[PDB]
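# Summary of the model geometry
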Amino acid sequence: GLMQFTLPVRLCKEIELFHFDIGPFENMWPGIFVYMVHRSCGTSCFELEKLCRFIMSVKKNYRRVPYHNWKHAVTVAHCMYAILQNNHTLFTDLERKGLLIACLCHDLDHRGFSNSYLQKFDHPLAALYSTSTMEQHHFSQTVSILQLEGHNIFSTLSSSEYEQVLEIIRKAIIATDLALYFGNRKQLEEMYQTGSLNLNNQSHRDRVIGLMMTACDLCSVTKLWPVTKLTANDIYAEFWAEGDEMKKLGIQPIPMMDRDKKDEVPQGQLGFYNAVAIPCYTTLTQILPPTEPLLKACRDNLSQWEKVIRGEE
Ligand SMILES: COc1ccc(-n2c(CCN3C(=O)c4ccccc4C3=O)nc3ccccc3c2=O)cc1
Ligand SMILES: [Mg+2]
Ligand SMILES: [Zn+2]
């Protein structure tokens, strides 16, 4: 009960910042995650023994893929921690519990392949889940781990609170399907501008939590340039592998997944910042002003990509 996690001074201070990188020491990531739960949620939110056993079973069920790996899970959960800590009073007790867990679990058992590759391959999961294929799988894996003996971290919630938290987590994980982001942000844009946005409207909270999950999931674009630049290598390492697998199915992949078109990456990054990232953090900043540093860091990285195209790096 009186057992706190404590980080070295540099990490204690930098973990509070949006652009924090969790570093290359894998054995510290569980401790970083528990530290964020204790500060974000309370030292009483979860039984430590159960949380530790939940964390290590989640870790075990992430795969050795270049990008959609255990490091991504913890990185995305840190961004959520930064949003929640900078917006103290806006989120319920259940929501703080649910969203950090949702982030840790959001890409469980990812194979490094998009929903589109699963469908073109005719993967069994494409028959089981026709839309948001991988995201329904990620939620399924989350419930499976919660039902392992000794792993139910929500045990001391009431029947109704338990149903509420799994519903928060399900919506949160489904919302990480980027195909669903565009419509969710368009609706949030209209609600914010016509002034109809109402954080007591549950359907509105869902939309706002959905956008938070997009923002955390894309947070690679909100780090300092050297982290962003090096993470891009891992992202494209997966896309190019999917591209190769498209070619094996006798389908020319989109340039984004075609390793023969590396030259086109700098311009594709501009398109992605302009079409996805900047709009995402802009709308998020309007709804939640204290998330402005995500938008500023994103704009900084857009400028860095424009310098790459101008041969300046
Ligand atoms: C829909 O708007 C888009 C979509 C894709 C693109 N796009 C991209 C963006 C790549 N990208 C994701 O998709 C993504 C998802 C999640 C995290 C990080 C990322 C991330 O870095 N790269 C290219 C590279 C070369 C050639 C072409 C393209 C191309 O068209 C541009 C605009
Ligand atoms: Mg995902
Ligand atoms: Zn993800």
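Per the deposited record, X-ray crystallography is how this structure was determined, to a resolution of 2.2600 Å.

Bringing the pattern of salt bridges into the picture now. Counted according to the given criterion, the structure contains 15 salt bridges. When the shortest N-O distance is used, the salt bridge between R185 and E189 registers 3.8 Å. Highlighted residues: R185 and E189, both in helix α10 (residues 178-194), separated by four residues, approximately one helical turn. With respect to burial, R185 and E189 carry one shared label: buried. As a salt-bridge pair, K247 and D260 come within 3.2 Å of each other at their nearest N and O atoms. In this pair, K247 sits in helix α12 (residues 225-248) while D260 sits in the loop between α12 and α13 (265-287), placing the two residues 13 residues apart along the sequence. Assessed through its relative accessible area of 29%, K247 is described here as partly exposed. Overall, the relative accessible area of 59% leaves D260 in the exposed class.

Moving on, we get to the side chain of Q269. Following the sequence through the fold, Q269 ends up in helix α13. Note on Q269: relative accessible area 10%, which makes it buried. Those residues within four positions of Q269 in sequence are excluded, and the remaining contacts are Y236 and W305.

The description of an aromatic ring pair uses the distance of the two centres, along with the angle that the planes make with each other. Under the defined criterion, the tally for this structure stands at nine aromatic pairs. Taking 5.6 Å as the distance between ring centres and 70° as the angle between the ring planes, the aromatic pair formed by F46 and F154 counts as edge-to-face. Of this pair, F46 sits in the loop between α2 (29-40) and α3 (48-60) while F154 sits in the loop between α8 (133-146) and α9 (159-175); the two residues are 108 residues apart in sequence, bridging distant segments of the chain. In this structure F46 comes out as buried when scored by relative accessible area, which is 9%.

On to the coordination of the zinc ion (ligand 3), then. Tetrahedral metal sites with four donors have an ideal angle of 109.5 degrees; octahedral sites with six donors have ideal angles of 90 or 180 degrees. At the metal site, the zinc ion (ligand 3) is ligated by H72 (NE2), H106 (NE2), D107 (OD) and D217 (OD), and these contacts range over 2.0 to 2.1 Å. With four donor atoms in place around the zinc ion (ligand 3) and angles of 86 to 173° between them, the coordination shape is irregular. Linear spacing of the donor residues for the zinc ion (ligand 3) on their chain is H-x33-H-D-x109-D.

A separate point is the packing of α2 against helix α5 (residues 93-105). Interhelical geometry of α2 versus α5 gives an angle of 160° and a closest axis separation of 10 Å. With respect to α5, the element α2 is oriented roughly antiparallel. Relative to α5, α2 is oriented so that their crossing is right-handed. Here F33, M36, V37 and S40 of α2 lie close against α5, whose contacting residues are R96, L100, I101 and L104.

The subject of this paragraph is the site of ligand 1. Within the structure, ligand 1 sits among 15 residues, and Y236, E264, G268, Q269 and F272 are positioned closest to it. Note that a nitrogen atom of ligand 1 is positioned 2.7 Å from one of the side-chain N or O atoms of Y236. Separating an oxygen atom of ligand 1 from a side-chain N or O atom of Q269 is a distance of 2.6 Å. For ligand 1, whose free accessible area comes to 640 Å², the fraction covered by protein is 74%. Elements that contribute at least two residues to the shell around ligand 1 include exactly α12 and α13.

Glancing now at the UniProt feature "active site" in the chain. In the numbering used here, UniProt assigns the feature "active site" to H68. For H68, a relative accessible area of 17% gives the class buried. Ignoring any residue separated from it by four or fewer positions in sequence, one finds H68 in contact with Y62, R63, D107, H110 and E238. In terms of polar contacts, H68 uses its side chain to reach the side chain of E238, at 2.5 Å.

Not every positive phi belongs to a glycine, and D109 is a case in point at roughly 65°. Secondary-structure assignment places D109 in the loop between α5 and α6 (115-121). We note that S132 has phi near 45°; this positive angle belongs to a residue other than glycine. Along the chain, the position of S132 falls in the loop between α7 (124-128) and α8. Judged by its relative accessible area of 8%, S132 falls in the buried class.

Cut-offs used in this document
- Residues numbered from 1 in each chain as written, not as in the entry; some residues may be left out.
- Chains lettered and ligands numbered in written order.
- Heavy atoms only, no water.
- Salt bridge = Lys/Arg side-chain N within 4 Å of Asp/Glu carboxyl O.
- Helix = DSSP H or I, 4+ residues; strand = E, 2+ residues; numbered from the N terminus.
- Buried < 20%, exposed > 50% of the residue type's maximum accessible area, 1.4 Å probe, protein only.
- Contact = heavy atoms within 4.5 Å.
- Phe/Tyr/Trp six-rings, centres within 6.5 Å; stacked < 30°, edge-to-face > 60°.
- Donors = N, O, S within 2.8 Å, 3.2 Å for Na, K, Ca; no water.
- Tetrahedral: all angles 85-135°; square planar, octahedral: opposite > 155°, others 65-115°.
- Axes fitted to C-alpha atoms, helices over the stretch in contact; angles between N-to-C directions.
- Parallel < 35°, antiparallel > 145°, perpendicular 65-115°, else oblique.
- Left-handed = near helix turned anticlockwise from the far one by under 90°.
- Near = heavy atom within 4 Å.
- Polar contact = N/O pair within 3.5 Å; in protein donor to acceptor, adjacent residues only side chain to side chain.
- Areas by Shrake-Rupley, 256 points an atom, 1.4 Å probe, with all protein chains shown as cover.
- UniProt positions renumbered as here; feature names shortened; annotations may be inferred.

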